[PDB]
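Residue numbers (this note's numbering), protein chains in the order written: chain A, 27 to 43; chain B, 24 to 227; chain C, 15 to 221. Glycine included, every Cβ here is placed at the ideal spot set by N, Cα and C.
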Amino acid sequence: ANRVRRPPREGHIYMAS
Amino acid sequence: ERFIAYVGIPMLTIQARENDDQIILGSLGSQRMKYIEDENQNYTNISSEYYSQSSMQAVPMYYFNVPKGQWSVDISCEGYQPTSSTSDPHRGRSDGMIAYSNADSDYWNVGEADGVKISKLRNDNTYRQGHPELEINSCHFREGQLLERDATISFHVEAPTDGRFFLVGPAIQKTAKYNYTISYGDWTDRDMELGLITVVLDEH
Amino acid sequence: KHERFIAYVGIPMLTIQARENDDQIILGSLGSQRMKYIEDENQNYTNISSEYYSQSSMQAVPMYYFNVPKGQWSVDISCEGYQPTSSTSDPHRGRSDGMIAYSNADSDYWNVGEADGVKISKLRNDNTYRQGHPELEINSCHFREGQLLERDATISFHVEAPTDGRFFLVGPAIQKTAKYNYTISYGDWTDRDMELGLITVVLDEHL
Numbered sequence: 027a028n029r030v031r032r033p034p035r036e037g038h039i040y041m042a043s
Numbered sequence: 024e025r026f027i028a029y030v031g032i033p034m035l036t037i038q039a040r041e042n043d044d045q046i047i048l049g050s051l052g053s054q055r056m057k058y059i060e061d062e063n064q065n066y067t068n069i070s071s072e073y074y075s076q077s078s079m080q081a082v083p084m085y086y087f088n089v090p091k092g093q094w095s096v097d098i099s100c101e102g103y104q105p106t107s108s109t110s111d112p113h114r115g116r117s118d119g120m121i122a123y124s125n126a127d128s129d130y131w132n133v134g135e136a137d138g139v140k141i142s143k144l145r146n147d148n149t150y151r152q153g154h155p156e157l158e159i160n161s162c163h164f165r166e167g168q169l170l171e172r173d174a175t176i177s178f179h180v181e182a183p184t185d186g187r188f189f190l191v192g193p194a195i196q197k198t199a200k201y202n203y204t205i206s207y208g209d210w211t212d213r214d215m216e217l218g219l220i221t222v223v224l225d226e227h
Numbered sequence: 015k016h017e018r019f020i021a022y023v024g025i026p027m028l029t030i031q032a033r034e035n036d037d038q039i040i041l042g043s044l045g046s047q048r049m050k051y052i053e054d055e056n057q058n059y060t061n062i063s064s065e066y067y068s069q070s071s072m073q074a075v076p077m078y079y080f081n082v083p084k085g086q087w088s089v090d091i092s093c094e095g096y097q098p099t100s101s102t103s104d105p106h107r108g109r110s111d112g113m114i115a116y117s118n119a120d121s122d123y124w125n126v127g128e129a130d131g132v133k134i135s136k137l138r139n140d141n142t143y144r145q146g147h148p149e150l151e152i153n154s155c156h157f158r159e160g161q162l163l164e165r166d167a168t169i170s171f172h173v174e175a176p177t178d179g180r181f182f183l184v185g186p187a188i189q190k191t192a193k194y195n196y197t198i199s200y201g202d203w204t205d206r207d208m209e210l211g212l213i214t215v216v217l218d219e220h221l
């Protein structure tokens, strides 16, 4: 909605494929 | 035509019965989004439909319009699929959710459409797991059912003509083990959210 | 010279203790909260001040302090209240184990207020929420007493800062009683990390 980029959500383990 | 944004939650109607039953997916779909032009705060529909389908799942796709020009595109995809009852008394009250598959092939992505060049594609997919013993409507997360599948996506689009790109979603799982809605005796329609999608276009 | 653009974005965290979702919970302490800070071409992570605005045996209300530089500004705040929990001692990182729900009371909402050196005017405050279906069940508890899942708000106001000052944002209440405890039950008291919600604060300078 804003000009700020939303951050990665918390406790999201990152997918390295 | 320097700053353009879309933000919204695409919807899909589903039918679900008991917890040992599959769910049945409805049709896609015009999806109302908030539309932004520099200083203007309006509303618009975008076009969604099925990229693929099988007996086990279905992948959705959303088209976003790209005016003629050269653009920086950043996309936040927050994948979460809570469900609510379609009929009163409880429209819009959460009655469960549909979880995701942990398969490596299931993730947000974008593609080109209608003579339009995507370059410098950076796509970062993440997921959030449920504690095995977490329990929703008497169902647990003991097979690595995911609650959340997210993505930050940045890329450049060269649009010589007015065109569009498409955002492909993570797969909607049809089987019982991903169904965490309230069980009923008869097939009961639910509205499923498909995630919060934020698309920002910056002209260069 | 140019009108400055400032923004904060992030998700404050609170560590709580919960035994069985039969019993109350015990709230940890609020302190520094990692946020992303943006000022024109500058970006970094900073810590903002958080502490309790009020506290009782029933609940506790959090407040978050935001610095306003000298100048006149229009402030826009976007808040998304959701309080999912994960087990601190869980071998895996960040696996959600339930959440703490909100009261449906009319006095429960996001709000702002003045701290040292600031005049707030033009307060516009739209609060919304998500309700559970009564027969929704999370870790064997239902939603028949109308406990809420989410509390959101979008707030805008003007703020005049004769000097460098501070305003504070107030979150909805953190409910301590078992009615609102939807965490996995454990033998003895177990630390859980609670999210307090996604907050976005924007400040545009007017000159």
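- Ranked by how close their Cα comes to the Cα of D111/B, the residues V216/C, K136/C, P148/C, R33/C have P148/C in first place.
- For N81/C, the closest C-alpha among the options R144/C, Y116/C, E128/C, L212/C is that of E128/C.
- Where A81/B is concerned, the enclosing beta strand (DSSP E) starts and stops at 80–89.
- Contact annotation: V139/B and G186/B have beta-carbon atoms nearer than 8 Å.
- Here DSSP, grouped into helix, strand and coil, assigns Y130/B to coil.
- If you draw a straight line from the Cα of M72/C to the Cα of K190/C, it comes to about 5 Å.
- Going by DSSP, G131/C is part of no beta strand (DSSP E) at all; its letter is neither H nor E.
- Distance from the Cα of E55/C is smallest, within the candidate group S110/C, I20/C, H220/C, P186/C, for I20/C.
- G95/C is outside the set of residues whose beta carbon lies under 8 Å from a beta carbon in chain A.
- DSSP places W87/C in the uninterrupted beta strand (DSSP E) bounded by 85–95.
- Within the same chain, Cβ atoms closer than 7 Å to the Cβ of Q45/B are found at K197, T198, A199, the five residues on either side in sequence being excluded.
- Between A167/C and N141/C the beta-carbon gap is near 5 Å, inside 8 Å, which marks them as a contact.
- Inter-residue distance for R25/B and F157/C is about 47 Å (C-alpha atoms, whole angstroms).
- Spatial neighbours of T109/B in its own chain (CB-CB distance under 7 Å, excluding positions within 5 residues in sequence) are listed in chain order as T36, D212, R213, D214.
- In this structure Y103/B touches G218/B by the C-beta definition: roughly 6 Å separates them, less than 8 Å.
- For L169/B, the pairing in a beta bridge is given by DSSP as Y123/B, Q152/B.
- Taking the Cβ atoms as the reference, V96/B lies roughly 5 Å from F178/B, within the contact range of under 8 Å.
- Residue pairing for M49/C: DSSP places it in a beta bridge opposite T60/C.
- Per the coordinates, the alpha-carbon of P105/B lies some 16 Å from the alpha-carbon of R165/C.
- Annotation: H38/A is outside any beta strand (DSSP E) and is labelled neither H nor E by DSSP.
- In the DSSP annotation of this structure, the continuous segment of the beta strand (DSSP E) that includes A32/C starts and ends at 27–32.
- Restricting attention to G201/C, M113/C, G108/C, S154/C, the CA atom closest to the CA of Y150/B is found in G108/C.
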